């Protein structure tokens, strides 16, 4: 980092992930100690008590790569994240556009703003077995729209190039009012959330655009990804980011 832009985006990553203050993690799942562990935050493997994103430094770097590549290569369209929690990844995305004075692209912030949904009879058996809803409280997942908006405002990044899509993805995605995406960041964990968004948002991903699957390490998510790719004849290389996330670049 040397230029003002490089310094800003570097600091923004360290700030939204709270490498700066090194907040404790929630203790849930396979995590058994609250201590901040550098390696865990680096790879987005903990559940921050305070930080605005849980995706970690490697997945923030990937998001920067994808947005910057889209700008560099003239890939048209907006940035959408499905599953935003406290908003840190979307805050970073808006910051990237701000750094490069991009005025013609929007960051779409899609979430229930309620955490994971209760399991229903419609759910895939793998989703029903996992029952992600049981973890909502343990990792402070339910985060209101007002809270997320407040978080954007603390960075000076709440403006008309940030638009919110509140509700369940099955309700918000089919008629979401974007025409094209350059980056589609999927971070909803379940077979259902992944299939919802691949079905309803992926067709608007421009060729040359990036599809990021945050939760590929989760069997149910991975199942949706393969079902969807097999259905559509998608063979674009799945590239690992860290121990959780992957992405591909959409070929024409």
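Positions refer to the first chain, counted from 1.
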**Q.** Between the two ranges 82 to 90 and 95 to 103, the one averaging a larger CA B factor in the entry
**A.** 95 to 103
(Q) Per the record, averaged over C-alpha atoms, which has the higher B-factor: 242 to 250 or 2 to 10? (A) 2 to 10
**Q.** Highest-ranked of 174, 167, 142, 74 once sorted by CA temperature factor in the record
**A.** 74
Q.
Highest recorded C-alpha temperature factor, please, choosing from 69, 53, 194, 49.
A. 69
Q: Would you mind checking where the Cα B-factor of residue 31 ranks among the modelled residues of its chain, as the lowest, middle or highest third?
A: highest
Q: Going by the recorded CA B-factors, say which third of the chain residue 17 sits in, lowest, middle or highest.
A: lowest
Q: Ordered by C-alpha B-factor within the chain, which third holds residue 178? Give me lowest, middle or highest, please.
A: highest
Q) Which third of the chain holds residue 112 when residues are ordered by C-alpha B factor: lowest, middle or highest? A) lowest
Q) What third of the chain, by the recorded C-alpha B-factor, contains residue 44? A) lowest
